[PDB]
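Inspection log for the structure reproduced underneath, given as structure tokens.
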2 protein chains.
Amino acid sequence: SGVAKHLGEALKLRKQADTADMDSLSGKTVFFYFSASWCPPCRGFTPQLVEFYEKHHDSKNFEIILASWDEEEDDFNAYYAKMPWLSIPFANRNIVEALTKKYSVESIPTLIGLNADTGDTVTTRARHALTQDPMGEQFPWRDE
Amino acid sequence: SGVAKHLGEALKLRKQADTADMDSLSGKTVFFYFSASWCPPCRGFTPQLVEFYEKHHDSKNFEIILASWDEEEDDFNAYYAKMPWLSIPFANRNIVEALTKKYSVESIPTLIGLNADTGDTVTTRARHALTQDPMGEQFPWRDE
Ligand SMILES: [Mg+2]
Ligand SMILES: [Mg+2]
Ligand SMILES: [Mg+2]
Ligand SMILES: [Mg+2]
Ligand SMILES: [Mg+2]
Ligand SMILES: [Mg+2]
Ligand SMILES: [Mg+2]
Ligand SMILES: [Mg+2]
Ligand SMILES: [Mg+2]
Ligand SMILES: [Mg+2]
């Protein structure tokens, strides 16, 4: 795991125009958000997730990282511009493909929540959970 | 660290023509080898490291990962073709840049050894140590 940790920490995540380090994730719940500019149900969900994040990410101590299924860089940028959170850089498609496989992401939009420190999965149903609990009263929607 | 571990594990390392996963690193000493096709002292050291690896990587339980300072992809491939070990993919320049910063790699060839499981640094002087101990009798050349 140690080597993997160093390689992971060597990845710079996008933060809008900037790129950032990973310490900022310490002690938070972190979500990977699998979505694409071209996906119609994503287009309906992303605005709700944006609103939920702006309102609750501080108080509920979470971060979101876009894991984009856009393969065109201009579409990737147009879409990420609408988001207030972080992204795996467009160039790191390999990483998105691997995470997609890891979490059995068979459709989008999908939101996978995990403990930043342990790496343990917290929730795989947060896309559907959030639509039913827009206030986040049952956040982080733990599986089972 | 958990998020970083998942991102690291999502990176596929090059293994010659193939790309491989990271479990294969379990319980080994792992070295990052910082070098470039264009570097004259690298050209003199790489053949010795190749010979040392072929002879000892199994019995001394270690792996090597190229962290290339080549910025041209054809030169990167020509050079890596001479190596029997693994590489960070050419496309993952960002990662090489970060690891270079992390381990204060100010010149090449440089060999940085670490425990694969803990991630802890074992040796930062292995380039010079190996030339003086070609049999690896003092492997892994622990610092201080
Ligand atoms: Mg690092
Ligand atoms: Mg914030
Ligand atoms: Mg980008
Ligand atoms: Mg990648
Ligand atoms: Mg979901
Ligand atoms: Mg992974
Ligand atoms: Mg071998
Ligand atoms: Mg490559
Ligand atoms: Mg990279
Ligand atoms: Mg060295």
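Can B:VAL96 be described as more than 15 Å from B:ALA36 (Cα to Cα), more than 16 Å from ligand 7 (Cβ to nearest atom) and within 14 Å of chain A (Cβ to nearest Cβ)? Spell out the reasoning first.
Details: more than 15 Å from B:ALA36 (Cα to Cα): no; more than 16 Å from ligand 7 (Cβ to nearest atom): yes; within 14 Å of chain A (Cβ to nearest Cβ): yes.
So B:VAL96 does not fit the description; no.
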#### Entry: Filter result for A:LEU11 (in a loop (DSSP other than H, G, I, E, B), among the hydrophobic types (A, V, I, L, M, F, W, C) and within 9 Å of another protein chain (Cβ to nearest Cβ))
yes
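Quick test for you: out of B:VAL105, B:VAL122, pick the one residue that is away from ligand 3 (no atom under 16 Å from the Cβ), in contact with a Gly (Cβ under 7 Å, 6 or more places away or on another chain) and either aromatic (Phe, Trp, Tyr) or within 14 Å of chain A (Cβ to nearest Cβ) (or both). Full working, then the answer.
Working: B:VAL105 fails: in contact with a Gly (Cβ under 7 Å, 6 or more places away or on another chain).
Testing whether each residue is away from ligand 3 (no atom under 16 Å from the Cβ), in contact with a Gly (Cβ under 7 Å, 6 or more places away or on another chain) and either aromatic (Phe, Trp, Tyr) or within 14 Å of chain A (Cβ to nearest Cβ) (or both) leaves just B:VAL122.
Looking at segment B:88-112, which of its residues are closer than 23 Å to A:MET22 by Cα and away from ligand 9 (no atom under 13 Å from the Cβ)? If you could, list the steps in order and put the result at the bottom.
The first filter runs over segment B:88-112 and keeps only residues closer than 23 Å to A:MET22 by Cα, leaving B:88-105, B:112.
Those that are closer than 23 Å to A:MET22 by Cα and away from ligand 9 (no atom under 13 Å from the Cβ): B:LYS101, B:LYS102, B:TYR103, B:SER104, B:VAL105, B:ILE112.
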### Pair list, Cβ < 6 Å and 6+ apart or interchain, from segment B:127-144 residues that are under 18 Å from B:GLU106 (Cβ atoms) and in contact (Cβ under 8 Å) with a residue 24 or more places away in the chain to residues that are surrounded by 14 or more Cβ atoms within 10 Å (Cβ to Cβ) and not small (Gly, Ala, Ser)
B:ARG127/B:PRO109; B:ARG127/B:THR110; B:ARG127/B:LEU111
#### Entry: Members of segment A:108-119 that are more than 8 Å from chain B (Cβ to nearest Cβ) and either farther than 20 Å from A:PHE45 by Cα or among the polar types (S, T, N, Q) (or both)
A:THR110
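Scan segment B:64-84 for residues that are surrounded by 15 or more Cβ atoms within 10 Å (Cβ to Cβ) and either within 15 Å of ligand 9 (Cβ to nearest atom) or within 18 Å of B:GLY44 (Cβ to Cβ) (or both) and report the count. Explain how you work it out, then say what you get.
Step one: filter segment B:64-84 for residues surrounded by 15 or more Cβ atoms within 10 Å (Cβ to Cβ), giving B:64-70, B:75-77, B:79-80, B:83.
Now narrow it down to the ones that are either within 15 Å of ligand 9 (Cβ to nearest atom) or within 18 Å of B:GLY44 (Cβ to Cβ) (or both): B:64-70, B:75-76, B:79-80, B:83.
Number of matching residues: 12.
Working only within segment B:93-125, note down all residues that are assigned to a helix (DSSP H, G or I) and surrounded by fewer than 16 Cβ atoms within 10 Å (Cβ to Cβ). Lay out the reasoning, then the answer.
As a first pass, look at segment B:93-125 and keep what is assigned to a helix (DSSP H, G or I): B:93-102.
Correct list: B:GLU97, B:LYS101, B:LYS102.
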#### Entry: Only listed residue being of a type in the set (A, V, I, L, M, F, W, C) and more than 16 Å from ligand 4 (Cβ to nearest atom), chosen from A:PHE52, A:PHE32
A:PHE52
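Which one of A:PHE90, A:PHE76, A:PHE139 is away from chain B (no Cβ under 14 Å) and either in a loop (DSSP other than H, G, I, E, B) or within 16 Å of ligand 8 (Cβ to nearest atom) (or both)? Spell out the reasoning first.
Values: A:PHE90 fails: away from chain B (no Cβ under 14 Å); A:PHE76 fails: either in a loop (DSSP other than H, G, I, E, B) or within 16 Å of ligand 8 (Cβ to nearest atom) (or both).
The match here is A:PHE139.
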## Note on the structure
Within segment B:13-44, residues being within 23 Å of B:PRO140 (Cβ to Cβ) and β-branched (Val, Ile, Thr) number 2
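Each value in this text was obtained by applying a stated rule to the coordinates, not by laboratory testing. Note that we place each Cβ from the backbone using ideal geometry, even for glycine, and neighbour counts take in every protein chain shown.
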